[PDB]
Amino acid sequence: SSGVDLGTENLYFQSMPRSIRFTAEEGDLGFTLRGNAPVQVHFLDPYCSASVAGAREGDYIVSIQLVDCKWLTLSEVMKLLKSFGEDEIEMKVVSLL
Amino acid sequence: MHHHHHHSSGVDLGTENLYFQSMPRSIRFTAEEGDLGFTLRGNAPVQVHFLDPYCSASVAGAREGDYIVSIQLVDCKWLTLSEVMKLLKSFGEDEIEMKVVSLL
């Protein structure tokens, strides 16, 4: 099969926003965040629900439900995620910006 | 509220993963027929973008989004896309060693 077909398909996958539905079980988000606009997932506990849902280190958070996160600071994205408590969180991430 | 979860430390594993993705790693590969098998994007550092999964760079473990930090003992951290391309072109079909990081 064509390496150009597979590789460009891979690129699409890594570049298109994908939906991660997860919980900060017991308040604990299971990852740290880094940078601004967009903010990036840094440390990620492999056992946490965000990881199990396919979040990865280095992913950029582009939205939390229908709230745009592309232009938000680290502090702002943290405050948004904190607001969910233990309820269901949906965010979209991209592995390549 | 809090439950104990019996398994290895997620913090141990996660921080180890971060080290792996953050420390420069050596990729030794060849551009068979001068065909490098990947495109490049951005500046200082330049990033691997498209990557043919059949190419030697891929087989060596390069990935999409990796940042090129060195080519042999030439520092690439501050180089433009054009400069990095000219460096890689210079190898022709000879062995290329570059170091990449997955997280910058």
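Conventions we followed
- Residues numbered from 1 in each chain as written, not as in the entry; some residues may be left out.
- Chains lettered and ligands numbered in written order.
- Heavy atoms only, no water.
- Residues with missing side-chain atoms left out of burial classes, pairs and counts.
- Buried < 20%, exposed > 50% of the residue type's maximum accessible area, 1.4 Å probe, protein only.
- Helix = DSSP H or I, 4+ residues; strand = E, 2+ residues; numbered from the N terminus.
- Pairing = 2+ DSSP bridges.
- Contact = heavy atoms within 4.5 Å.
- Disulfide = S-S within 2.5 Å.
- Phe/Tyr/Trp six-rings, centres within 6.5 Å; stacked < 30°, edge-to-face > 60°.
- Polar contact = N/O pair within 3.5 Å; in protein donor to acceptor, adjacent residues only side chain to side chain.
- Patch = residues over 30% accessible without salt bridge, like charges linked within 9 Å, V, L, I, M, F, W, Y side chains within 5 Å.
- Areas by Shrake-Rupley, 256 points an atom, 1.4 Å probe, with all protein chains shown as cover.
- Salt bridge = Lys/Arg side-chain N within 4 Å of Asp/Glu carboxyl O.
- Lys, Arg positive; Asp, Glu negative; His and termini not counted.
- Charge placed at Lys NZ, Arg CZ, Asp CG, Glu CD.

- Method-wise, the PDB entry is recorded as coming from X-ray crystallography, at a reported resolution of 1.82 Å.

**What to know about the pairing of strand β4 (residues 60-64) of chain A**
All names here are of chain A.
Okay, so step 1: Summarising burial for β4: five of the five residues are buried, a large majority.
Okay, so step 2: Relative to β4, strand β3 (residues 39-44) runs antiparallel, the two sharing two bridges. Paired with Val39 across the bridge in β4 is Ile61.
Okay, so step 3: When β4 meets strand β6 (residues 89-94), the two strands line up antiparallel, connected through four bridges. Note that in β6 the partner of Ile61 across the bridge is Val93.
Okay, so step 4: Relative to strand β5 (residues 67-68), β4 is paired through two bridges, and the arrangement is antiparallel.

**Focus on the interface of chain B and chain A**
Okay, so step 1: Counting residues at the interface gives 27 residues for chain B, matched by 23 residues for chain A.
Okay, so step 2: Secondary-structure elements contributing two or more residues to the side of chain B that touches chain A are α1 (10-22) and β3 (47-51) of chain B.
Okay, so step 3: The element contributing the most residues to the side of chain B that touches chain A is α1 of chain B, with seven residues.

**Remarks on unusual backbone geometry**
Backbone geometry follows two general trends: most residues other than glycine have a negative phi, and most peptide bonds adopt the trans configuration.
Okay, so step 1: Omega for the bond connecting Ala37 of chain A with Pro38 of chain A falls within 30 degrees of zero, at 0°, which places this linkage in the cis form.
Okay, so step 2: Relative to the elements of secondary structure, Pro38 of chain A occurs in the loop between β2 (31-34) and β3.
Okay, so step 3: Between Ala44 of chain B and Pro45 of chain B the backbone carries a cis peptide bond, its omega angle lying at 0°.
Okay, so step 4: Residue placement: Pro45 of chain B occurs in the loop between β2 (38-41) and β3.
Okay, so step 5: Phi at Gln65 of chain A is positive, roughly 45°, even though this residue is not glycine.
Okay, so step 6: One non-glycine residue, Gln72 of chain B, lies in positive phi territory at about 45°.

**Side note on the state of the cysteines**
Residue and element names in this part refer to chain B.
Okay, so step 1: For the structure on display, the rule yields zero disulfides over all chains.
Okay, so step 2: Unpaired in this structure, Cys76 has its nearest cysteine sulfur neighbour in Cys55, at a distance of 17 Å.
Okay, so step 3: Judged by its relative accessible area of 0%, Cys76 falls in the buried class.

**Let's talk about the environment of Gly42 of chain B**
Residue and element names in this part refer to chain B.
Okay, so step 1: Structurally, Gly42 is set in the loop between β2 and β3.
Okay, so step 2: Under the relative-accessibility criterion, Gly42 is labelled partly exposed at 32%.
Okay, so step 3: Along the chain, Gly42 and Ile68 lie 26 residues apart, while their C-alpha atoms are 11 Å from each other.

**So, the packing of aromatic side chains**
Residue and element names in this part refer to chain A.
Okay, so step 1: Using the criterion set out here, one finds two aromatic pairs over all chains in the structure.
Okay, so step 2: Relative to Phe31, the ring of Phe22 has its centre 5.9 Å away and its plane inclined at 55°; by these criteria the two rings are tilted. Across this residue pair, the class does not change: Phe22 and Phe31 are buried.

**Focus on the side chain of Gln47 of chain B**
Okay, so step 1: Mapped onto the fold, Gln47 of chain B is located in strand β3.
Okay, so step 2: A distance of 3.2 Å separates a polar atom in the side chain of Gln47 of chain B from a polar atom in the side chain of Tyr67 of chain B.
Okay, so step 3: Excluding anything up to four places from it in sequence, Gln47 of chain B contacts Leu96 of chain A together with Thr39, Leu40, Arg41, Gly65, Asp66 and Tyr67 of chain B.

**A short note on a negative patch on the surface**
Okay, so step 1: On the surface, a cluster of negative charge is made up of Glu26, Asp28, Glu86 and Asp87 of chain A.
Okay, so step 2: Within the secondary structure, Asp28 of chain A sits in the loop between β1 (18-22) and β2.

**Describing the pattern of salt bridges**
Residues and elements named next belong to chain B.
Okay, so step 1: Counting across every chain of the model gives four salt bridges over all chains.
Okay, so step 2: Residues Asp66 and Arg25 are paired through a salt bridge, measuring 2.8 Å at the closest nitrogen-oxygen approach. Placement of the pair is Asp66 in the loop between α2 (56-59) and β4 (67-71) and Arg25 in strand β1 (residues 25-29), with a sequence separation of 41 residues.
Okay, so step 3: For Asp66, a relative accessible area of 2% translates into the label buried.
Okay, so step 4: Among the residues examined, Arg25 registers a relative accessible area of 23% and is labelled partly exposed.

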